[PDB]
């Protein structure tokens, strides 16, 4: 399980998706989760809610034309949800909250343009992770 602020931040910035222990609120509801029961880990062992749009109604995270925000639960194991969330933008800024969206702390600048240090074969750039291009020997790199 990757469910720490730094673990999920690094996974997001590398892979542009949440790790495999996350399910959206509607998926969780479908799978049996009822918020008022505190039953997420009973119906979905080892899972956490994550991946939904965060509307940023209060404007506490920075806005930009075309930028949207998503959220995921952090440090969840079982019972009712806690107050910790990671926030990630469509341009791959990373913030956190530990007080249920009252305040936020920036924890990563955008990773766009940075190629992760991961060995991967390719024939074209879209075979590579974000930030990476295909080189003349059929491996991805900066």
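Numbering follows the first chain given and starts at 1.
Comparing 103-111 with 34-42, the stretch with the higher mean C-alpha B-factor in the PDB entry is 34-42. The stretch 117-125 shows the higher mean C-alpha B-factor when 11-19 is compared against 117-125 in the entry.
The deposited CA B-factor of residue 54 belongs to the highest third of values across its chain.
Annotation for residue 2: CA B-factor lies in the middle third of the chain's modelled residues. The PDB entry assigns residue 69 a C-alpha temperature factor belonging to the middle third of its chain's modelled residues.
For residue 61, the recorded CA B-factor ranks within the highest third of the chain. Only modelled residues enter the ranking.
Looking at the C-alpha B-factors along this chain, the one for residue 89 belongs to the lowest third.
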